[PDB]
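Chemist: Experimental coordinates for this protein are included below, preceded by the sequence.
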Amino acid sequence: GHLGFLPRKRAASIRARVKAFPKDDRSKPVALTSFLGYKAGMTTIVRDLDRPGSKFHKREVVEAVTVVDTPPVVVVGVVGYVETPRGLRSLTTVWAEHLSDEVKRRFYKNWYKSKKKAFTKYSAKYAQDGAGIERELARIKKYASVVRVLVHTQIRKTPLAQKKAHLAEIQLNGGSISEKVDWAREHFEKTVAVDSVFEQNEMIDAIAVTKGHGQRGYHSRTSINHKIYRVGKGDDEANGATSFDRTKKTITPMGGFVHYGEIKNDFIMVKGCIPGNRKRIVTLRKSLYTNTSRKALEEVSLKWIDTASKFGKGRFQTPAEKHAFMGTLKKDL
Amino acid sequence: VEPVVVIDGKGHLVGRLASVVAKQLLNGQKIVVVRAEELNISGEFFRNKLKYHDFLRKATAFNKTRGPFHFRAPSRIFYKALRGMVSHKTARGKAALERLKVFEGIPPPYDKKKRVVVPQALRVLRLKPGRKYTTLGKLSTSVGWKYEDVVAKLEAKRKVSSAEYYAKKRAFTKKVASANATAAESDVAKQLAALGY
RNA sequence: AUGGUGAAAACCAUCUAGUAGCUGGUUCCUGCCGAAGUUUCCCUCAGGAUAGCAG
RNA sequence: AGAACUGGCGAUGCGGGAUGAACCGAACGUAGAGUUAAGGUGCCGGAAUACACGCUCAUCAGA
RNA sequence: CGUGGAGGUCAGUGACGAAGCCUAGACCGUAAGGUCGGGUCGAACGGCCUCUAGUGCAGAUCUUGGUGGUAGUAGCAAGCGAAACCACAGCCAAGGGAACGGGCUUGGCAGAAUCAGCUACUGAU
RNA sequence: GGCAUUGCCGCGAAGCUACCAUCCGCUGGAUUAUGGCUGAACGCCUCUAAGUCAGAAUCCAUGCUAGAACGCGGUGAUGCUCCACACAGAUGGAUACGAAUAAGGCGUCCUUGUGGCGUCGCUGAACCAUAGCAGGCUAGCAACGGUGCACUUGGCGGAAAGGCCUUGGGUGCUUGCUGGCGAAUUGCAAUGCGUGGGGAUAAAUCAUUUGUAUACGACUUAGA
């Protein structure tokens, strides 16, 4: 087979780490480079294709897409990395004082017996006008070429019972390192939204650990160039409603996804299929560069979203459609 | 004559330097070569680039992972040129190499401390005027080493932090030169001069 | 070979420590001397008959 | 290829030639000190990164 | 120089310990070996001048006896339990003249210990 | 339906699992061949000798896979206490500009410069330190300095900062100069910070549970 994917062996964790990051544009202000979420289901989309010079120009096209459940991810720290003759080197990490129960759970393999003594004397180290905290922020403000942000998942918002927040690193491609640490200063403990990283019609790339079977499977894979079709919002009702369809419905199928619950928060609808399976954590990066082709150019018009019960079969979209067709039954009246 | 003898590659010749650094070890003489990257060889560049790659194609058969490990980093590139003249096996050796420390650039805690040069191994004192001659730097770069940049930059910084120093100093010894210049002539002086001082 | 025992071609015991144009092995120390690699016919092939070198 | 002639190894260590049946030096009681042979003195390697005259740039010089 | 026995001699040594056996013990002899201390032992033994011989071992696919590695392996159609075999070890490159490289020379290199596949190699602690 | 070495037949989720299906499968330098530019050798010419521009699916990075089990960093968590014991080569000083070498330092004047004038190198053979019982005990004078030490004020050093500077005060020393005592007999050389148990509190492993993992381990989980 493929000689490049060797050794074809098992990954270190469920949360795979991103080996590279996008380059830099110093002229821009501070922006995140990647965002994390959980893979959940495979839905059907039909839409009119506004692709010029095509065999399917202005025609309706069917294609299967995936909906990654993405909760608002919250910052709990920031890191500085110096440039060395031996690569990079973390000189200092610094944290946000008031951490959730979820991140505190990550630092223990046995949460139940533990006395929950996580960031106690470190929070006592904060307890003043800075002096030690502001010193280490100044340390990163002096040296360290690349500045990475420590974030975690709001797992309680997620319908999964895993209850253990995944820590990841996301660098910043907004130049002048002083602004990087000052952005992170303003954004300690703060919850970062999904639409405040990606928009619709953007080519992106996802990282994941691939569906294990028996050694075969359970590798970390990175597939590139995937178009985000819909950046949804949980507080916004009628997510399944397009500009065309406009029927008040959630993107979630009747009785949740296959092996996954309801979507009571933000979501990303990625073209095709992301690696890994449902209940698996993914991290969406932003393409590394300007990927300008006509595959990237077109701004899509989503016509209709399939929300039929994938569990078995589906002839209906909403529960309203079931009783509209069936009429009334015995247990009803 | 000095526990440690920090040397500065900058403008030297792998082989000669090495050699002389070799002897110095086998004779209990701690050493520390610096600015490694800004070392020098002899003969065009395309040369050393070959008389190396060849050293690259090396590698073991059945298991390339157990053969001649081709180090890119200059410091190393040079460290080899050296471990090549030092039994580097019999304890007498190990004992040596154990007395070395080739750094790329000039990291603390030496930066702050004097250095020197092996007058019997200078491009400018061995190579006939205008005559091709590598510069490790490029050579390394061309074959892996992924930092020429870092050191580079992360260098200029060092020169600053210092240059600034010197000034303060130079501006200091400007006084002395006067202090004595004046306090000179007097008596106590005269005398010394006589004896020589 | 002699004499014997067994049996739908044999074994036992002596003669017999049989006979070798050979194979393997051959048991302490020191000192001193110290080669030859070959001449000529018996024909040579086998073993020698002699001269040479060392006493 | 054959014939004749004198050596070397054969029965023979030792210094040197990176390493060696045929090369170079040197025929060995046990030691101490001194001087050399052949071969060497950038380093591995004991010994001049000695001195002096010139010549040589080679995209795998040359020894 | 040494061993078994014989003649002679040392009015030799010897239960207050002969012979033997060991010993990170000491001395002598170029050496064969000889002498002594310490420990163990329990009854005979040695030097000297001579005599005599079944007299001195690393080998013989030696003979006899004993004991290993192999191995707690193959095996029995947690326990029981061999044998073949065994100078000694087992990384590559290059040179080592001679259908000789496995010990050498010059390099590359090399961390204890172990199981499983076709000692490498995949992988796992 | 008790049973049928897995009784036959109709169909079937979960799984085993497939070009028998679907999705995904990258951009910057440096070059060869060559095409050039400036231009000698060789008073013309010339892609070349000294330079320089472009350029092959090449090369090397970017990206991707693994992470040295003796490569390294940052961060969270308290190791503390009670008894008993045990103890690869220092010998004045690593004495900080960078760049160039057919060129450079240092000092001065400024016309602020690829500026002028002066001066240095030909080795560290220097520089700074250097006198006292292996360096004592006591008295002054002259300096207002030098220097050690424990403190304090302020500042800098992230490349491996893990150090370097400074302010103030206190306390020694001063061989800068002059003194006052002691040295023997050392006999004429032989340099002269862990254990083994308690207690208190952090954590890990086993056992249990879960399965996204699985030959066995390992790995993911959950439980005062």
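Modeler: Arrived safely, thanks for sending. Numbering: from 1, shown residues only, chains lettered A, B, ... in the order given.
Chemist: which residues does the closest residue to residue A:249 other than its chain neighbours contact?
Modeler: Counting by CB to CB, 6 or more residues apart in numbering or on different chains, residue A:249 lies nearest to residue A:240, which is 3.9 Å off, once chain neighbours are set aside. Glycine gets a C-beta too; all of them are placed from N, C-alpha and C. Residue A:240 is in contact with A:247, A:249-251, A:305, A:307, A:317, counting by CB atoms under 8 Å, 6 or more residues apart in numbering or on different chains.
Chemist: Tell me which stretches of chain A form strands.
Modeler: For chain A, applying DSSP state E gives strands covering A:34-48, A:60-69, A:73-84, A:87-95, A:146-152, A:168-171, A:191-192, A:203-209, A:220-232, A:267-270, A:281-285, A:301-305.
Chemist: Residues contacting the last one from elsewhere in the structure, which ones?
Modeler: Read it as strand A:301-305. A:43, A:45-48, A:50, A:60, A:229-230, A:240-245, A:251.
Chemist: The shortest one too?
Modeler: Residues from elsewhere that reach strand A:191-192 (CB under 8 Å, 6+ apart): A:32, A:72-75, A:151, A:154.
Chemist: for stretch A:81-97, how far is the first residue from the last?
Modeler: 21 Å (CA to CA, to the nearest Å).
Chemist: So what touches it?
Modeler: Against stretch A:81-97 from outside (CB under 8 Å, 6+ apart): A:75-80, A:119, A:122-123, A:126, A:133, A:136-137, A:139-140, A:143-148, A:150, A:188-189, B:73, B:104-105, B:146-147, B:150-151, B:153-154.
Chemist: Mind listing what's buried along it?
Modeler: Within stretch A:81-97, the residues scored as buried using 16 or more other CB atoms under 10 Å in any protein chain shown are A:81-83, A:85, A:91-92, A:94-97.
Chemist: quick one: it to chain centroid distance?
Modeler: With CA atoms, centre = their mean, to the nearest Å as the basis, stretch A:81-97 stands 24 Å off its chain's centre.
Chemist: Tell me if that stretch is near RNA strand F.
Modeler: Yes. Stretch A:81-97 is in contact with RNA strand F by CB under 7 Å from any atom of the strand, via A:82-84, A:86, A:89-93, A:95.
Chemist: Pull the most distant pair out of those residues.
Modeler: A:86 and A:95 (26.0 Å; CB to CB).
Chemist: Just the closest of the contacts of strand A:301-305 to residue A:163, please.
Modeler: residue A:251 (24.6 Å).
Chemist: and residue A:247, how many residues sit next to it?
Modeler: A count of neighbours around residue A:247, defined by other CB atoms under 10 Å in any protein chain shown, yields 16.
Chemist: any chance you could read off phi and psi for the spatially closest residue to it that is not a sequence neighbour?
Modeler: The shortest distance from residue A:247 to any non-neighbouring residue, by CB to CB, 6+ apart, is to residue A:241 (5.9 Å). Backbone torsions for residue A:241, taken as degrees, to the nearest 10, come to phi -70, psi 120.
Chemist: ok, residue A:241 touching residue A:248?
Modeler: Yes. Residue A:241 is within contact range of residue A:248, at 6.1 Å (criterion: CB atoms under 8 Å).
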